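See below for the structure under consideration.
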Amino acid sequence: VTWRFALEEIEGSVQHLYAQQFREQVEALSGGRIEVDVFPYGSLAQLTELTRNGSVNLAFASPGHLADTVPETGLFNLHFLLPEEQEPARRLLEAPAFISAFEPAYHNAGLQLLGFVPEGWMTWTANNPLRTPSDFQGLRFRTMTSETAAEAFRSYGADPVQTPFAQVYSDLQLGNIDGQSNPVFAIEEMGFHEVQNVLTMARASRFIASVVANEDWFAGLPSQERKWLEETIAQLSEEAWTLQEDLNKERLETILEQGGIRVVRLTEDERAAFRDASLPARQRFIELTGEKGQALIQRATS
Ligand code: NA
């Protein structure tokens, strides 16, 4: 029996590593009664439709791919919101009360939410350091494709664009775009470090991907397999924090081998200044999600 697991990312990514672990674990628990076919990006239309349609059972879904159906995921693109420290942040994402707050929004899009997975700190690149909001003024800056994510950088005085990834390398190179944001492994993979001079680490937000399932397939499962599914996802939460820290560190060393790229970690004072200036994205987020958005912000604040 076969479970089909689609990824938004290619081989080598955090999603792929996670999925490999999910495969090995589920096959060993199930005694071969369940086999898992992993479909990385390229090997195949939209993953969220395939999951709703039942064409695949399981998929990763990031806030960008969900923003028009599940706007609450915008929470994950808000700067300085989720706890910085890894353990509180892990606790939150794992909290049944936090997951459950999202479940209805996902159901509303015909999806079963199973959990959240970290892909790493978002990292900024440009051809100058980004130490104060003032450094963003007038900059065309490429953001996640979420209204909330756009507003975050608009708050610093940037002009946010959502240029298609395949075009970003050459637009960066030509100066059509001044910088972008992504986790370090994605930057290395796309080669943006070749056409940028400064990597700024503000630790403002993390890449958080959703694991979702077909709504009826999930519900039409033996309480045993649903435990194999749910307990494994639960286990892999902790290992995911470790996989991404390591993959991102490796990719950062690879980036530095290229040369011509400077690394800047913002001081607490500099971060505090961006926090102050980030607040308006929270307002736009609330306008878009109402009372549910408010409570999510409340749960993640304390
Ligand atoms: Na450079």
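Report the extension gain between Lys227 and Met201 in nm, rounded to one decimal, defined as 0.36 nm multiplied by the number of residues separating them, less their alpha carbon distance.
Values: separation 26, 0.36 × 26 = 9.36 nm, distance 3.85 nm.
Net length gain for the segment: 5.5 nm.
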**Prompt:** By how many nm would the segment from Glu253 to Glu291 grow when fully extended, if each residue of separation counts as 0.36 nm and the alpha-carbon distance is taken off?
**Reply:** 9.4 nm
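Sort the following peptides by mean Cβ neighbour count (other Cβ atoms within 10 Å, averaged over residues), highest first: 22-29, 258-265.
Averaged packing, sorted descending, gives the order 22-29, 258-265.
For the chain, what does the helix formula give at 222 nm: sum of -39500 (n - 2.57) over DSSP H segments with n ≥ 4, over the residue count, nearest 500 deg cm²/dmol?
Value at 222 nm, helices only, nearest 500: -15000 deg cm²/dmol.
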**Prompt:** Quick one: Cα centre-to-centre distance for region 73-104 and region 282-302, in angstrom?
**Reply:** 12
**For the chain, share of DSSP beta bridges that run antiparallel, in % to the nearest 5** = 55
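Rounded if a/c is under 1.5, else prolate if a/b is larger than b/c, else oblate: which is the chain, with a ≥ b ≥ c the root eigenvalues of its Cα gyration tensor? If you can, show how the numbers build up before the last one.
Working: a/c = 1.86, a/b = 1.46, b/c = 1.27.
It comes out prolate by the Cα gyration axes.
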**Prompt:** With a sphere of radius 15 Å drawn around the Cβ of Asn197, what net charge do the other residues whose Cβ falls strictly inside it have (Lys, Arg +1; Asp, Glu -1)?
**Reply:** -1
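To the nearest 0.05, what FRET efficiency results for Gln283 and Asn108 with a Förster distance of 22 Å applied to their C-beta separation?
Working: r = 23 Å, r/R0 = 1.06.
My answer for the efficiency is 0.40.
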**Request:** Can you grab the distance from the C-alpha centre of region 242-259 to the C-alpha centre of region 124-190, Å, no decimals?
**Result:** 20
**Request:** Would you please classify the overall shape of region 84-127 from the alpha carbon gyration tensor, given that a ≥ b ≥ c denote the square roots of the eigenvalues, rounded means a/c under 1.5, and beyond that prolate means a/b larger than b/c while oblate covers the rest?
**Result:** oblate
**Prompt:** Of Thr73, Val56, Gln25, whose Cα points farthest to the positive end of the dipole of region 11-118 (charges on the beta-carbon: +1 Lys, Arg; -1 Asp, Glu; origin at the Cα centre)?
**Reply:** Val56
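So basically every Cβ, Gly included, is an ideal-geometry build from the backbone, and we count neighbours across all protein chains shown. Computed from the coordinates by the stated procedures, all read-outs in this text should not be read as laboratory data.
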